[PDB]
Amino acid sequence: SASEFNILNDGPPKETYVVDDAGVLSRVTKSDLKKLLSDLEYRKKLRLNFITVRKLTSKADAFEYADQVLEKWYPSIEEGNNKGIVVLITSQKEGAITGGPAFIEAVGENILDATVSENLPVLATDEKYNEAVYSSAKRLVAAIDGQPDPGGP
């Protein structure tokens, strides 16, 4: 699809932290995500990007596309080690998270798994996409910072 291509082609969103290809997030929430994630990058040198896409036409699921994106945007470990990518497919209510080793170690599998099985699908199913993405960001940031887990919705 044009969406799947554009997301891969355009490269990582350096000034914004979010590629909202599905058009489901507001200007306010994208600004709030920029505030939260540019602060995480400043403090911890981890860059977390979020991508929304309405549906995947290649028969790839969300994790396969997230990994494809990580490898295309950051083609070496020097470039990808500290990077994380969260993908939300809005028609399917499915999310996935991947990233370089330093990012994955910082979050931990428990919170990676919890965010994709709780915040993302539950909130998107109720069409609360801004909350889905912002609550998932806050939860991943809390894990990276060793703060108490805010939990799922």
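So that there is no doubt, residue numbering starts at 1 and follows the sequence shown.
Trainee: Take the C-alpha B-factors listed in the entry for 90 to 98 and for 51 to 59, compute each mean, and give the stretch with the larger one.
Mentor: It is 51 to 59.
Trainee: Going by the mean C-alpha B-factor recorded in the entry, which is higher: 122 to 130 or 26 to 34?
Mentor: On average, C-alpha B-factors are higher across 122 to 130.
Trainee: Among the modelled residues of its chain, does the C-alpha B-factor of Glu105 lie in the lowest, middle or highest third?
Mentor: According to the entry, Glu105 has a C-alpha B-factor in the chain's middle third.
Trainee: Taking the chain's C-alpha temperature factors as the reference, tell me which third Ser136 falls into: lowest, middle or highest.
Mentor: Within its chain, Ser136 is a lowest-third residue by C-alpha B-factor, going by the deposited values.
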